[PDB]
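A.B. asks:
There are 2 protein chains.
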Amino acid sequence: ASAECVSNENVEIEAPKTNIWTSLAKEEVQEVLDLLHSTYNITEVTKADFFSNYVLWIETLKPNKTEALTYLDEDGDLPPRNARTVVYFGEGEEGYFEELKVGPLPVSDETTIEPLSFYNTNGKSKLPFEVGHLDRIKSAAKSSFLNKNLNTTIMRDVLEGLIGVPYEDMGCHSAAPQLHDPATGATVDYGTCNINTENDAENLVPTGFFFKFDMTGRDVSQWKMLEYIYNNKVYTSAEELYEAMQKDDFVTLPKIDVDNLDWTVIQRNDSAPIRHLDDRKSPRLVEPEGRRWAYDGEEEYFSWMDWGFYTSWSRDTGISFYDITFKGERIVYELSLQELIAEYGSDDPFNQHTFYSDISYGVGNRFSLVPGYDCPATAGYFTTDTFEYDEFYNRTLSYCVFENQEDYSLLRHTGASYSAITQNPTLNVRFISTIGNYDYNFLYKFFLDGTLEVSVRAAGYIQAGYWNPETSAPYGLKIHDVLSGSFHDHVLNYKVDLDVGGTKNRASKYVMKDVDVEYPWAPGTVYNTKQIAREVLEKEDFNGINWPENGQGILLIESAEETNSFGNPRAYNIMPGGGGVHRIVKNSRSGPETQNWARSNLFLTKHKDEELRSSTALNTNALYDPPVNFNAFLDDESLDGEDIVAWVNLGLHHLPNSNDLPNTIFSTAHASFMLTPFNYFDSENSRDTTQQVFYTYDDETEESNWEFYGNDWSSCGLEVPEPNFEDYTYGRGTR
Amino acid sequence: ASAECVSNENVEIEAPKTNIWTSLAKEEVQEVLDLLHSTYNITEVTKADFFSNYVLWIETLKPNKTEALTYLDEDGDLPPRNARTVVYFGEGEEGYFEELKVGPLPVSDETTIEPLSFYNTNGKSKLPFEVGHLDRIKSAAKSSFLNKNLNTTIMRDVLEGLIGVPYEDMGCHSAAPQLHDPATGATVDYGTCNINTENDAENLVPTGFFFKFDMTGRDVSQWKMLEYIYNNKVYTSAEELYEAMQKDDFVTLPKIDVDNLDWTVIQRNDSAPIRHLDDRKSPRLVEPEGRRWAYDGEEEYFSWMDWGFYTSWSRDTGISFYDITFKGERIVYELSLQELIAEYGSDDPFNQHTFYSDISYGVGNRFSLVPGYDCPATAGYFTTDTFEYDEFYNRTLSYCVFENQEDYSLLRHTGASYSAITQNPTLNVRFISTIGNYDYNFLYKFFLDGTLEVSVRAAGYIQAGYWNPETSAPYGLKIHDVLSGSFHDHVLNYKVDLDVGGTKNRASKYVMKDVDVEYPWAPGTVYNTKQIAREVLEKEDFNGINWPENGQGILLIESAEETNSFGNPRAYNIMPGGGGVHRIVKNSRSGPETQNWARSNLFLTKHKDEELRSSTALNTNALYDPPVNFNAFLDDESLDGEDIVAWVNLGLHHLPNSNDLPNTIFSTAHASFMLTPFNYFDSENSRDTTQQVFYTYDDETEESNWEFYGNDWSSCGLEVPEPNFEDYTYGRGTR
Ligand SMILES: *[C@@H]1O[C@H](CO)[C@@H](O[C@@H]2O[C@H](CO)[C@@H](O)[C@H](O)[C@H]2NC(C)=O)[C@H](O)[C@H]1NC(C)=O
Ligand SMILES: *[C@@H]1O[C@H](CO)[C@@H](O[C@@H]2O[C@H](CO)[C@@H](O)[C@H](O)[C@H]2NC(C)=O)[C@H](O)[C@H]1NC(C)=O
Ligand SMILES: *[C@@H]1O[C@H](CO)[C@@H](O)[C@H](O)[C@H]1NC(C)=O
Ligand SMILES: *[C@@H]1O[C@H](CO)[C@@H](O)[C@H](O)[C@H]1NC(C)=O
Ligand SMILES: *[C@@H]1O[C@H](CO)[C@@H](O)[C@H](O)[C@H]1NC(C)=O
Ligand SMILES: *[C@@H]1O[C@H](CO)[C@@H](O)[C@H](O)[C@H]1NC(C)=O
Ligand SMILES: *[C@@H]1O[C@H](CO)[C@@H](O)[C@H](O)[C@H]1NC(C)=O
Ligand SMILES: *[C@@H]1O[C@H](CO)[C@@H](O)[C@H](O)[C@H]1NC(C)=O
Ligand SMILES: *[C@@H]1O[C@H](CO)[C@@H](O)[C@H](O)[C@H]1NC(C)=O
Ligand SMILES: *[C@@H]1O[C@H](CO)[C@@H](O)[C@H](O)[C@H]1NC(C)=O
Ligand SMILES: [Ca+2]
Ligand SMILES: [Ca+2]
Ligand SMILES: [Ca+2]
Ligand SMILES: [Ca+2]
Ligand SMILES: [Cu+2]
Ligand SMILES: [Cu+2]
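Here the protein sequences line up with chains A and B, keeping their order. In terms of the numbering used here, the first sequence has 458 at position 458, counting the first letter as 1, and numbering is strictly consecutive. In terms of the numbering used here, the second sequence has 1439 at position 439, counting the first letter as 1, and numbering is strictly consecutive.
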């Protein structure tokens, strides 16, 4: 019956400047790859080995900050357009990966190729083979080596006898990182076997069969199996284990029931009854009058309710944000996820040697978002791209942008014959990175007042461990017949380059404490009360900062000189949400210097172009001398009136239980922090939105009045649209 | 063009049992009131004074637990229907309020009236006048007394001279609680004046003029002003202050600019430009196939996706939940907010003496919800009632129930040529209590797997303080010309009577720690790793529990006897969210024994019917001997295999800044906790929902398949309905 709601089309805009942080165009990558091929003897990755040279990566080397700001704020020149490339060189006496700068682009006679190392605290462009990237070539070699050893007549018999299925029915693989010893030069690695499945559930059927091997050097004929480990006993050869197994006293631990694996299946059971009313569609968010954010498609610049920002995408980390402005002023120069680790504790030599660096695998080289489900149907989707091993990957549905209506209002008050309520619509930018078993859901949520919330939720299949009743209990709960929910930490680092009221800032904390005082108006009477005291964080602190006990503090990044009208420094408060935790372990043999940012909740440093990133894709196996040692940034420099960067961590101490099988859920695996204005303005700045109501009641007449500021709530008809399911296809990008 | 979405009607059901916790029917109240009138000499409140007898309150006295459970679970008899009443008796030599039980009901010859005290730990049914409730009669007496003193010729002159406006233009009022001294019997109180406004913004214009009076006893002619306090100086009489003001050296502090108060106005400034695209309506939640939760209107019993529960309403606290079940098993007998405090720290004698008990004022006797804004347009609304001072109040739109679509999925995984994603619809029960200046938004959010989240958000006008540059800085920021953002704690207590796998439970924690160990598979090699250790909380601990540093623990309520299939006790995890904070102050002269639950994050006690509630509406002024001293519950009783209650706190340390003017916002003033299954089942239990997708792709054919389990996402038309605005009228209930 009702008239149709008033439709409006999506709005596109022109960015104020070009996106100087954007990924390389296909043509730029091609020119660089061509130049690499004409400069060096380059072999195609599919034909390469440890003695070839081949190209791994080619991506944008982002501009330095000062040149970026000059361009953005002072009509300066476009910064130089350069590529970072990573090439493996095996032609020489020793193999190594080298980072090289190729630029400027487009390729011309001005273009040079030079060693690139300025952002590496270790000062090196070359990463030695022994601590090299676990790339396609090294992975294939390790796989071939494991097969060579595990598929002999003897080992086939040992594996089947212990595990209960033949070798064809399991998959053997290695722990990460590898373990290189700089003192002796040896490189060893542990591994395990899991039952093969058709539903990606291998991590739920680990067999408890382990091994250790020596993979030192580029000649694989010299690699050797060192140990087989089973039921906490060590065997130095296949033969020794085989013989042990023939003895009457040999103990074989309970085997996995591979005929009953329904408990690992995620999707719906066709025999399961529907809950009452679940035969009705769940609620849907709709936009009655169309989309309320705008964008420039060519420059990936976004605008929504006085916020602006550009996005950028990398293979290592996924999305990044640059030049985030609110009401025309920059609040954050760069906001960028840097690293995510997963560090296991266990009784067994596979999980106890697991300390993943997810950027080493790649966070930005995964799968598309599923419309309607991973993001609401009203989302818009964006394509990004990467380059790896000879192929340029186009990734559609890479990230999404949507306006939510939060289910609580932004503010309200009822009094004095009126009610004033302001709605809480938010802009949301999401991407989801499924890295093997885990699914990481990243969200950036912007609010009308100038507040931004950064969050992550995790789900997917856990990396469980075999349950041995004699030894597994201190490290996990028994969650299935022979399965432990191995204990681990997830920790993520974010580079938060706040520039509050300019680049020159101070960091301070309001410390809250109870104190005994006497007041002039009650002489002699002691009162126990509470006070605040502002403390300036004067210099970089090696210990970092941990959130105060009982929440007794507020952490601010202040403008050094700008104040509001009441004399307060303009500031933003870094407010922790859930997941304000850091690593429990302090001294890991699997990460001695490779992830040193993960030991406190947050760190504050002086901004430097050479301190670009807190980890690298090349860090994980370089245990003692990684390209970036985060601790090198902490060298007691003044932060008092300086360009400051906050490196903020979110984390989870995950101890999986029944509520993680078959999968972990996103609702209770959540971490977040907010950046909220604190004396940044003279008042709270959502007041100008039209998405609010002002209700008044007239005491004489007994007449109500409703002011909706141009929003007509009358019933109207709308089409609830089918999501773009057709745009989703399985896979990690189009090559 | 698209066909219309398939509509369905709201579903109503019959509760399995009657709501034995429900508020008294009007007829029940009438019968009790009539019986009180025939038993005692009762005066009508509008004609009463300190020497009259009059009725304050009449409400349901809820059943004891064992009798309730016999009725619910074993087809036992309905528990006795009883009223708790509170009557002021002034006819004697000393005045007191007395609690009286009237029952059973309906009124018959079986009905008696008896002193009621079993839930008061002090063992008394009588509250002495000096520590009495701040009721209509006492408020009136205090108001008259203040006018009699502040409106003399001399004080009119003093007030106008110091404040800059005449007496008619300000309002003077008293700090809460009052200050009764048991040793001498004296009762005193502080107070201040605020500028009158037309928009209920008095709290933003405190004058810095203070006073102190003695209000001991029932003869107001003996009450007397003790002090006037201004600029931190004390005057013992109006004359003394008047004389000082005439001297040349008298310092008058800066006055409020009463002609420029636009900064206190909440609603939109009509001259503000609209932000880009804010002339489009913000997004709306819609239900394409109708509502998916059901209820019994007569019994206030609710059903959604295998959850069931009953609600109850009280003047003191608002909503409570009883008999919360999931998949046919009770997990929580009673979930009830118990108290909310707001405790201020200040340099001044008004704010420093402010320690509000919100249940003393009433959390459940406030205003209706505003449709569409306070709750989404798809919400259903419920009417509740209370009785106070001769009047039965019917409160429509008292609470709302709605299904949200959260903007992130419940779980997902992509791998092995499939993607499986489960949506996250939640049931939400909300009420909002606006108590003078503050607006408290309470939300109860139920998830598909059996998790429940309890949260609060706060907004409204802060109780600010006059800014004296000489003394105010340790207690607040200067947020307007003569205004301080007075530091305060908000703390809320919730009674969480979990009964996990029966009433007989244990409480435990998994403690997480780093440890150095050696493993059998690598003799002599030390590893720094991490472990969990389960510790049973054997006995009640006076210190309560504070959440562990760096989050290194999981707190569980376990069934004492029931386990899942893998030997683990069935449990629920009490998971803190934001706002896991308790009072900073330890020893307040304004709450010595009245709020003893607020000093730690959580307490575990043995369930007792006599330990019904952790505070009472009668606690606030009874500083040393309140009806309930929570510490009485903590007497070292075993909890090892007992009915346990968790008293869980949520809080905020609020240091208002610019982002709180003109009002605090709900987005960043948030606290929550969750109750989540932990080995409660053998697996995660959302898997039977139909609100999920299973996408598969075949690598041979390149064909995709989408399984939506009966949910048709094809575009369809619906009407976006106008909220029931017509049901909203201003006011605190219909009398
Ligand atoms: C961005 O800044 C970095 C750090 O200042 C520059 O790094 C220098 O690079 C040159 C050659 O490229 C080296 O000789 C210097 O030793 C580097 N300095 C440091 C501190 O390591 C880098 O060149 C800058 N990038 C651009 C595009 O100008
Ligand atoms: C609910 O249980 C309480 C606690 O057992 C009962 O309180 C007893 O009440 C009687 C008289 O009412 C007193 O003699 C006892 O001393 C009380 N016991 C305690 C421990 O205080 C209360 O009566 C019960 N309520 C109902 C409706 O039966
Ligand atoms: C280029 O490298 C390949 C791979 O090792 C090698 O076979 C070949 O000898 C090299 N060719 C030249 C020009 O040296
Ligand atoms: C393993 O050995 C078996 C039997 O000897 C053989 O059939 C199979 O091809 C081998 N597998 C691999 C991957 O080499
Ligand atoms: C479906 O449910 C039935 C009944 O419990 C069970 O036997 C079977 O294992 C389930 N199948 C799957 C794939 O979960
Ligand atoms: C990548 O996808 C985008 C948008 O889906 C498209 O416009 C662009 O042409 C694609 N690039 C290539 C090289 O196919
Ligand atoms: C009834 O109470 C009123 C008010 O206190 C009082 O005036 C009157 O004396 C009372 N009647 C009796 C019999 O005490
Ligand atoms: C205060 O006194 C003034 C003048 O003496 C009078 O006009 C006014 O009504 C009084 N206010 C009250 C509340 O009695
Ligand atoms: C409305 O905006 C104008 C222009 O900035 C300002 O002068 C005035 O104070 C505002 N009024 C209110 C009620 O906020
Ligand atoms: C209270 O309000 C409800 C719903 O509006 C109504 O059904 C009921 O009759 C009212 N009760 C009284 C006593 O008016
Ligand atoms: Ca900065
Ligand atoms: Ca430094
Ligand atoms: Ca219990
Ligand atoms: Ca006890
Ligand atoms: Cu995990
Ligand atoms: Cu507050």
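We put the beta carbon where it would ideally sit given N, CA and C, even for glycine.
Can you tell me which residues form a DSSP beta bridge with A/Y418?
C.D. replies: For this step, residue 418 of chain A is matched to residue 418 along the first sequence. According to DSSP, A/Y418 bridges with A/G415, A/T696.
A.B. asks: Looking at B/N1120 and ligand 2, is the gap between the Cβ and the nearest heavy atom below 6 Å?
C.D. replies: For the purposes of this step, residue 1120 of chain B is taken as residue 120 along the second sequence, with counting starting at 1. Result no, Cβ not under 6 Å from ligand 2.
A.B. asks: Is it a yes or a no for the stretch 360-369 of chain A touching the stretch 605-612 of chain A, going by three-plus beta-carbon pairs under 8 Å?
C.D. replies: no
A.B. asks: Measure the CB-CB distance between A/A507 and A/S486 and report whether it falls below 7 Å.
C.D. replies: The residue given as residue 507 of chain A occupies position 507 in the first sequence. The residue given as residue 486 of chain A occupies position 486 in the first sequence. Cβ atoms of A/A507 and A/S486: not closer than 7 Å.
A.B. asks: Run through DSSP, which three-state label would B/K1142 get?
C.D. replies: Locating residue 1142 of chain B in the second sequence gives position 142, where the first residue counts as 1. Three-state DSSP puts B/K1142 in a helix.
A.B. asks: In this structure, does DSSP put B/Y1389 in helix, strand or coil?
C.D. replies: On the second sequence, position 389 is the one that residue 1389 of chain B refers to. Coil, per DSSP.
A.B. asks: What residue does the beta strand (DSSP E) around A/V131 start on, and which one ends it?
C.D. replies: The count along the first sequence starts at 1 and reaches residue 131 of chain A at position 131. No beta strand (DSSP E) contains A/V131, which DSSP labels as neither H nor E.
A.B. asks: Determine the direct distance from the alpha carbon of B/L1100 to that of B/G1123, and round the result to whole angstroms.
C.D. replies: Residue numbering aside, residue 1123 of chain B sits at position 123 when the second sequence is read from its first letter. Residue numbering aside, residue 1100 of chain B sits at position 100 when the second sequence is read from its first letter. Going from the Cα of B/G1123 to the Cα of B/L1100 covers about 13 Å.
A.B. asks: Ligand 14 and B/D1640: does any heavy atom of the ligand fall closer than 6 Å to the residue's C-beta?
C.D. replies: Here residue 1640 of chain B corresponds to residue number 640 of the second sequence, with the count starting at 1. It does not: the Cβ of B/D1640 is nowhere closer than 6 Å to a heavy atom of ligand 14.
A.B. asks: Please compile the residues from chain B whose C-beta is within a distance smaller than 7 Å of the C-beta of A/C5.
C.D. replies: As a position in the first sequence, residue 5 of chain A is number 5, starting the count at 1. Per Cβ cutoff of 7 Å: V1720.
A.B. asks: State the DSSP-derived secondary structure class of A/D640, mapped to helix, strand or coil.
C.D. replies: On the first sequence, residue 640 of chain A is found 640 positions in, with the first residue counted as 1. Here A/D640 sits in coil by DSSP.
A.B. asks: Counting only Cβ pairs nearer than 9 Å, list the residues of chain C close to A/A459.
C.D. replies: Here chain C cannot be found, since the structure's protein chains are A and B.
A.B. asks: At what residues does the beta strand (DSSP E) containing A/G191 begin and finish?
C.D. replies: For the purposes of this step, residue 191 of chain A is identified with residue 191 of the first sequence, where counting begins at 1. First-last of the beta strand (DSSP E) with A/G191: 187-195.
A.B. asks: My output table needs one value for B/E1243: the three-state DSSP class, helix, strand or coil.
C.D. replies: Here residue 1243 of chain B corresponds to residue number 243 of the second sequence, with the count starting at 1. Secondary structure at B/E1243: helix, using DSSP grouped into helix, strand and coil.
A.B. asks: Quick one: which unbroken beta strand (DSSP E) runs of 3-plus residues sit fully inside the stretch 598-642 of chain A? Chain order, please.
C.D. replies: 602-606
A.B. asks: Decide if A/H480 is buried, meaning its Cβ has at least 16 other Cβ atoms within 10 Å, or exposed.
C.D. replies: Reading the first sequence from its first residue, position 480 is the one you call residue 480 of chain A. Buried.
A.B. asks: Quick one: grab the DSSP three-state call for B/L1410.
C.D. replies: Taking the second sequence and counting its residues from 1, the one referred to as residue 1410 of chain B is at position 410. Three-state result, B/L1410: coil.
A.B. asks: If you measure from each residue's Cβ to the nearest non-hydrogen atom of ligand 11, which ones come out under 7 Å, in chain order?
C.D. replies: A/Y333, A/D497, A/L498, A/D499, A/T503, A/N505, A/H607, A/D643, A/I644, A/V645
A.B. asks: With distances taken from each beta carbon to the nearest heavy atom of ligand 3, which residues come in below 5 Å, in chain order?
C.D. replies: In chain order, the hits are A/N41, A/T43, A/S52.
A.B. asks: Just mark A/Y624 as buried or exposed, buried being the case when its beta carbon has 16 or more other beta carbons within 10 Å.
C.D. replies: Sequence index remark: in the first sequence, residue 624 of chain A carries index 624 (1-based). So A/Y624 counts as exposed.
A.B. asks: Near B/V1585, what residues of its chain come up, given a Cβ to Cβ distance below 8 Å and the 5 sequence neighbours on each side ignored?
C.D. replies: Residue mapping note: residue 1585 of chain B aligns to position 585 of the second sequence, counting from 1. Excluding sequence neighbours, B/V1585 sits near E1343, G1345, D1489.
A.B. asks: State the beta-bridge partners of B/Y1228 as determined by DSSP.
C.D. replies: In the second sequence, residue 1228 of chain B corresponds to position 228, counting from 1. DSSP lists B/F1211, B/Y1235 as partners of B/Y1228.
A.B. asks: By a C-beta neighbour count over all protein chains shown, 10 Å radius and 16 as the cutoff for buried, is A/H654 buried or exposed?
C.D. replies: Taking the first sequence and counting its residues from 1, the one referred to as residue 654 of chain A is at position 654. Burial call: buried.
A.B. asks: Taking C-alpha atoms, which residue in B/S1023, B/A1048, B/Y1054, B/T1022 lies nearest to B/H1037?
C.D. replies: Reading the second sequence from its first residue, position 37 is the one you call residue 1037 of chain B. That would be B/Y1054, whose Cα lies nearest to the Cα of B/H1037.
A.B. asks: Take B/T1252 and list the residues in its own chain whose beta-carbon comes closer than 7 Å to its own, dropping the five residues that flank it on each side.
C.D. replies: Indexing the second sequence from 1 puts residue 1252 of chain B at position 252. Cβ within range, chain order: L1162.
A.B. asks: Cα separation between B/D1449 and B/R1687?
C.D. replies: Position 449 of the second sequence, counted from the first residue, corresponds to residue 1449 of chain B. Position 687 of the second sequence, counted from the first residue, corresponds to residue 1687 of chain B. Straight-line Cα distance between these residues: approximately 8 Å.
A.B. asks: Comparing C-alpha positions only, which one of A/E719, A/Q338, A/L483 sits nearest to A/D347?
C.D. replies: One-based indexing of the first sequence puts residue 347 of chain A at position 347. For the residues A/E719, A/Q338, A/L483, the minimum Cα distance to A/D347 belongs to A/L483.
A.B. asks: Report back the beta-carbon spacing between B/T1422 and B/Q1691 to the nearest angstrom; my notes put them in contact at under 8 Å.
C.D. replies: Here the question's residue 1422 of chain B lines up with position 422 in the second sequence. Here the question's residue 1691 of chain B lines up with position 691 in the second sequence. Rounded, the Cβ-Cβ distance is 7 Å, consistent with contact.
A.B. asks: Residues in its own chain within less than 6 Å of B/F1392 by CB, not counting five upstream and five downstream?
C.D. replies: Residue 1392 of chain B sits at position 392 when you count from the first residue of the second sequence. Here B/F1392 has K1026, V1029 as same chain residues with Cβ atoms under 6 Å from its own Cβ, once five neighbours each way along the sequence are excluded.
A.B. asks: Please list, in chain order, the residues of the stretch 1259-1270 of chain B that have any C-beta partner in chain A closer than 8 Å.
C.D. replies: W1263, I1266, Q1267, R1268, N1269
A.B. asks: Decide yes or no for the touch test of the stretch 1642-1657 of chain B against the stretch 1423-1430 of chain B: beta carbon pairs closer than 8 Å, at least 3 of them.
C.D. replies: no
A.B. asks: Count the CB pairs spanning the stretch 1587-1594 of chain B and the stretch 1166-1179 of chain B that are closer than 8 Å, and state whether there are at least three.
C.D. replies: yes
A.B. asks: B/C1400 bridges to which residues according to DSSP?
C.D. replies: Position 400 of the second sequence, counted from the start, is the residue given in the question as residue 1400 of chain B. B/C1400 pairs with B/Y1381, B/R1430.
A.B. asks: Since A/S667 contacts B/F1129 with CB under 8 Å, what's their CB separation in whole angstroms?
C.D. replies: Here residue 667 of chain A refers to the residue found at position 667 of the first sequence. Here residue 1129 of chain B refers to the residue found at position 129 of the second sequence. No, A/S667 and B/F1129 are not in contact; Cβ-Cβ is about 51 Å, not under 8 Å.
A.B. asks: Classify A/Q405 as buried or exposed, calling it buried when 16 or more other Cβ atoms lie within 10 Å of its own Cβ.
C.D. replies: As a position in the first sequence, residue 405 of chain A is number 405, starting the count at 1. Buried is the call here.
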